[PDB]
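> Show me the folded form of this:
(8 chains, ligands or ions: 2)
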Amino acid sequence: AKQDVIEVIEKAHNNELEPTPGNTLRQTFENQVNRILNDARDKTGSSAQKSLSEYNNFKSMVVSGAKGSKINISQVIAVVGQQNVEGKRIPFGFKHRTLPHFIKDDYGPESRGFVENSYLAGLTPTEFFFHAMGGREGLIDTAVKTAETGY
Amino acid sequence: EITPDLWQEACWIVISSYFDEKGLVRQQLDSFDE
Amino acid sequence: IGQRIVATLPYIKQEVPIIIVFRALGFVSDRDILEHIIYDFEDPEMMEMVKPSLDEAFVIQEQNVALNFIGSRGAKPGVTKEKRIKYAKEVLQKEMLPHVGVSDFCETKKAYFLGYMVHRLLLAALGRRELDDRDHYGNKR
Amino acid sequence: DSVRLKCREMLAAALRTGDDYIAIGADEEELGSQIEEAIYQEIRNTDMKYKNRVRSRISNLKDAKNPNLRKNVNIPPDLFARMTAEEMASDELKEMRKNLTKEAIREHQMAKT
Amino acid sequence: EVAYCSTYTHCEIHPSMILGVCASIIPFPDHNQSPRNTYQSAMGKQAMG
Amino acid sequence: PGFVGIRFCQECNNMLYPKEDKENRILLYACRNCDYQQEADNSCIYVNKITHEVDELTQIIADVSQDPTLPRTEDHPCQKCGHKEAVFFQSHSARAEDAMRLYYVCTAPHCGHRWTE
Amino acid sequence: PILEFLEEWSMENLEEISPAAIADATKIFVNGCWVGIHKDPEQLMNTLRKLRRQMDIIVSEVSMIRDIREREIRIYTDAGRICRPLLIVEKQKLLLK
Amino acid sequence: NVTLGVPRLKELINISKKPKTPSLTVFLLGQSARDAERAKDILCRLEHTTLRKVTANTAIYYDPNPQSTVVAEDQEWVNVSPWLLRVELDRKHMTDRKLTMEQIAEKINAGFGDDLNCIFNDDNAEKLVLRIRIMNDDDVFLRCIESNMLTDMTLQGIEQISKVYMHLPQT
Ligand SMILES: [Zn+2]
Ligand SMILES: [Zn+2]
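Residues are numbered from 1 along each chain as shown, chains lettered A, B, ... in the order given. Ligands and ions are numbered 1, 2, ... in the order given. Here you go, the structure:
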């Protein structure tokens, strides 16, 4: 998946990336990268599902429906995935980059928030911060929803 | 001479010196003193 | 017709077109002003954007006339026009932009920084430069 | 009125461009006078409110990238005077460019996902 | 292996110094969902001791 | 199509405004604060690019070559002086219509060559 | 102190500048006050950083920002700026040996 | 572009004149429903198109005599106030909607009446250009139209519609 994203970036930098219907060139590039990384996360999760033994206690709690979903198994075992804020990949908070550790105009997977590790393997510090950025949205939305729906 | 792969132990000596020199509330004490 | 730049100086309830401000700071000639707002005359792109602002103020030339124009919009517009001019001069000297000096002779410092502000407004309008983020912590103390 | 006369004289003057009428060997004054009539008998107002027809026919006869239209006048005037695109579909290079532009715009005016 | 930056100017002393006072007592905060880290940061100020 | 900028009155350095000469049928430039008549030599007064294609390449500056936070490639040798090392980045200009095209600056002093591929 | 060191170096005072001479020259900002021009910013930035690493004129809190694409040097000495320490890396090597 | 969720529930609960996203779903009837090109034709019949959307560049000149123009267009010769305005139209945006300069000139004269006349090129020409003049402050008059005609005049579609998509639905 990372190599495919790199190839998509090469095509975009070469102006070889064809704008898909409706979308623009930059928007179609973002859609391409998101599509590739969604495929990566979903495929890795699916491969994780079939590897679980019958006695696996995550599976017992997911197939029963009591607590959890197959996406939680995917994130715990295989890969966490893409962290979005406001529906887009992590934005360029600094000048043309997401953190001081990355290089200007770097749209690669890990440069824009794609968490490639699992919660068992632990998160690299950059993607730890990106995961915190992604997770803050849930708290903000909860705090505003509570007050907006009661009225 | 450089310090390769010994940096885990060396990475925290500087942190310990930082927190010996400066406490955790130094930004308050310095501000009030100034 | 379009694309007028205004200035909301403090203690002036209304806004004031910028070239009146510059002629209040004592820059009579248009070139002597624009050289503070467009450091490079290689850019017809820059000049044609500020150009309507220079069109608008073509009826204010004398410096004290500019001061009076600023004074008329002041929060305390004394009917005596002399004190209106004095009020505008006080605004521009000390109440406007203190960090660039607040002495009576700082007019050139204030003019250069105001030209920098106008120039960066133009850069942001040309799209040559990205708009500042209000959440960036380099913009917070 | 002379309004018809001058404009069909100009049509004749457009037909003769590039000596193509002489290479083919046809008399173009008759063709111009008939083209103006073919236009008028469809745009049948005395002042030719839509004389866009006549002027566009003149210019398109004078269009140097579609000299084959100037050569053709074997599609007779009665058809030429009515043609959509001002008959420049015969250019077949501008026509292809317009076709590909339409191909693109069919895609670039659609939903996001 | 294939140069990413090759022009570094500074280096993090320890990358874990991005955490605060309550968030740095969590063991393995990089193996947790971030809202759980926030909830522990909130609860670590309620722990008796 | 050109781009007509400002022109200044030599007598007072105020902006000139165009004016048609209704007797000799020629274009002249004039000043509101001075009776200064001078002859135009462009015949165009105002222009406006609505699509607004603009050459970002020109606004690139040779000084960017020394930026430490910029990616570097010897895979694209300098077109001018042949120096291997080049820094590459995107347009960086807001209002860019729709583009991810790259711009390269040579990492050699006094070459200062900026180019696009 | 920073103003003195800058002025005794190869700056042009803003009030002594030719207005047309600002085009090809970087603008220096001390605490936001546009205070001078410098023809060779690559010397001023290195000199200021060298001074900071020695703690002689520029105290350790001051921060000199070099904007490359837009020629501007901004130096901040005022209070309230939040900073953190980092190791320095001049080559692909630490200065911490 | 759907504004669903609690905001939509609020908008519906309190009838309001400006929901965050006013939209229509327009179903087509004949060949327009069956063919993408024919549907695009209706889309262009609907989507608001101004002179600005077709304009490539606007330039204002002073042209002493039409018979000896200062710009290299000879349509002025065949066509038969030296203060001149010239608009050139983008072929991509023109043929996005089958617009012809006949329609452009018609709408221009319908809006500005008799005092302003237009000399259009032909839709096949290398560059689509309109030569426009006042018929007897002419400079600022032509500039005023340079603003208003571009920003305000309607060539196609109906007002109040920002953009129109084309869709093969899945639901
Ligand atoms: Zn003058
Ligand atoms: Zn070179």
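
> mind listing what residue 18 touches?
You didn't pick a chain, so chain A it is. Residues near residue A:18 by C-beta atoms under 8 Å, 6 or more residues apart in numbering or on different chains: residue A:28. In this view, the C-beta of every residue, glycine as well, is placed from N, C-alpha and C.

> The chain in question should be chain E.
A:125, A:129.

> what do you get for residue C:35?
Contacts for residue C:35 were tallied using C-beta under 8 Å, 6+ apart; they are G:19, G:20, G:22.

> All the strands of chain B, in order from the start?
Here chain B has no strands by DSSP state E.

> in it, which spans are helices?
B:7-21, B:26-33 (DSSP state H).

> just chain A next, same as before
Taking DSSP H, the helices of chain A run over residues A:2-13, A:25-51, A:57-63, A:70-73, A:125-149.

> Chain F now?
Counting by DSSP H, the helices of chain F are F:56-59.

> what about residue H:98, how many neighbours?
18 (other C-beta atoms under 10 Å in any protein chain shown).

> shouldn't it be in contact with residue H:43?
No - using C-beta atoms under 8 Å, residue H:98 makes no contact with residue H:43, being 11.1 Å away.

> which residues does residue 58 contact?
Because you didn't say which chain, this covers chain A. In this structure, residue A:58 makes contact with A:52, A:68, A:72, A:73, A:76, A:77, judged by C-beta under 8 Å, 6+ apart.

> please go with chain G instead
G:1, G:2, G:5, G:48, G:51, G:52, G:64.

> from what I can see the fourth one touches residue G:77, true?
What it means is residue G:48. No - taking contacts as C-beta under 8 Å, residue G:48 lies outside contact range of residue G:77: 11.7 Å.

> ok, back up a step: just put the contacts of residue C:35 in JSON lines and tack on distance to residue A:109, secondary structure and neighbour count.
Formatted as JSON lines, the contacts of residue C:35 follow (distance: C-beta to C-beta, whole Å; DSSP: H, G, I helix; E, B strand; the rest coil; neighbours: other C-beta atoms under 10 Å in any protein chain shown):
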{"residue": "G:19", "distance to residue A:109": "49", "secondary structure": "helix", "neighbour count": "16"}
{"residue": "G:20", "distance to residue A:109": "48", "secondary structure": "helix", "neighbour count": "12"}
{"residue": "G:22", "distance to residue A:109": "43", "secondary structure": "helix", "neighbour count": "24"}
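
> just the helices of chain B: most buried one?
Among these, judged by mean count of other C-beta atoms under 10 Å in any protein chain shown, the one packed with the most neighbours on average is helix B:7-21 (a mean of 11).

> Go ahead and name everything in contact with that one.
B:3, E:13, E:14, E:17, G:85, G:96.

> The third one and chain F, how far apart?
Distance, residue E:14 to chain F, using C-beta to the nearest C-beta, to the nearest Å: 22 Å.

> where does that residue fall, phi/psi-wise?
phi -140, psi 130 (degrees, to the nearest 10).

> which residues sit in contact with it?
B:11, B:12, B:15.

> same deal with the fourth one?
Contacts for residue E:17 were tallied using C-beta under 8 Å, 6+ apart; they are B:15, G:84.

> what's the distance between whatever residue of chain B ends up closest to chain A and chain F?
Closest contact between chain B and chain A, by C-beta to the nearest C-beta, is at residue B:11 (13.3 Å). Computed as C-beta to the nearest C-beta, the residue B:11 to chain F distance reads 23 Å.

> Show me which of the contacts of residue C:35 is closest to ligand 1.
Using C-beta to the ion, the shortest approach to ligand 1 within the contacts of residue C:35 belongs to residue G:19, at 18.9 Å.

> From chain A, how far off is the closest one?
29 Å.

> host element of the nearest residue to that residue once chain neighbours are set aside?
Closest residue to residue G:19 apart from its sequence neighbours, by C-beta to C-beta, 6 or more residues apart in numbering or on different chains: residue C:35 at 3.5 Å. Here residue C:35 sits within helix C:30-37, counting by DSSP states H and E.

> Is any residue of that helix near ligand 1?
No - residues of helix C:30-37 are not located near ligand 1 by C-beta under 5 Å from the ion, the shortest gap being 9.0 Å.

> Run the chain-centre distance for that helix.
11 Å (C-alpha atoms, centre = their mean, to the nearest Å).

> and it, which residues are buried?
Judged by neighbour count (16 or more other C-beta atoms under 10 Å in any protein chain shown), helix C:30-37 contains these buried residues: C:30, C:31, C:32, C:33, C:34, C:35, C:36, C:37.

> And stretch G:78-92, by the same measure?
Neighbour count says stretch G:78-92 has residue G:89 buried, by 16+ other C-beta under 10 Å.

> Next one: that stretch, is it in contact with chain F?
No - for stretch G:78-92, no contact with chain F is found by C-beta under 8 Å from any C-beta of the partner chain; the gap never falls below 9.9 Å.

> re the thing from before, between the contacts of residue E:14, which is closest to residue F:78?
residue B:11 (39.8 Å; C-beta to C-beta).

> ok, now how distant is the spatially most central residue of chain B from chain H?
Closest to where the C-alpha atoms of chain B average out (C-alpha atoms, centre = their mean) is residue B:18, at 1.6 Å. Note on residue B:18: its distance to chain H, by C-beta to the nearest C-beta, is 48 Å.

> Tell me if I'm right that residue F:65 and residue F:104 touch.
No - between residue F:65 and residue F:104 there is no contact under C-beta under 8 Å: 9.7 Å.

> where do the contact lists of those two overlap?
Here residue F:65 and residue F:104 have residue F:87 as joint contacts, going by C-beta under 8 Å, 6+ apart.

> thinking again about what came up before, what's the closest of the helices of chain B to residue A:16?
helix B:7-21 (42.6 Å).

> any idea of the angle the closest one forms with helix B:26-33?
With axes from the mean of the first three to the mean of the last three C-alpha atoms, to 10 degrees as the basis, helix B:7-21 and helix B:26-33 are set at 30 degrees to each other.

> How far does helix B:7-21 sit from its chain's centre?
6 Å.

> Nearest residue to residue A:123 in space, please, no chain neighbours.
Excluding its sequence neighbours, the residue lying closest to residue A:123 (C-beta to C-beta, 6+ apart) is residue E:30, at 4.2 Å.

> quick one: the one you found from chain G, how far?
20 Å.

> what's the answer for residue E:11, then?
4 Å.

> Now for the closest residue to chain C within chain B: which residues touch it?
Chain C sits closest to residue B:31 of chain B, with a gap of 12.2 Å, by C-beta to the nearest C-beta. The neighbours of residue B:31, taking C-beta under 8 Å, 6+ apart as the test, are residue G:79.

> ok, and the residue of chain E found nearest chain H, which helix or strand is that part of?
The nearest approach of chain E to chain H comes at residue E:35, 20.9 Å away (C-beta to the nearest C-beta). Assigned by DSSP H and E, residue E:35 belongs to helix E:34-43.

> So which of the contacts of residue A:58 reach chain B?
Counting by C-beta under 8 Å from any C-beta, no member of the contacts of residue A:58 reaches chain B.

> ok so, going back, put together JSON lines for the helices of chain B, with distance to residue A:132 on each row.
What follows is the helices of chain B, written out as JSON lines (distance: least, C-beta to C-beta, whole Å):
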{"stretch": "helix B:7-21", "distance to residue A:132": "22"}
{"stretch": "helix B:26-33", "distance to residue A:132": "23"}
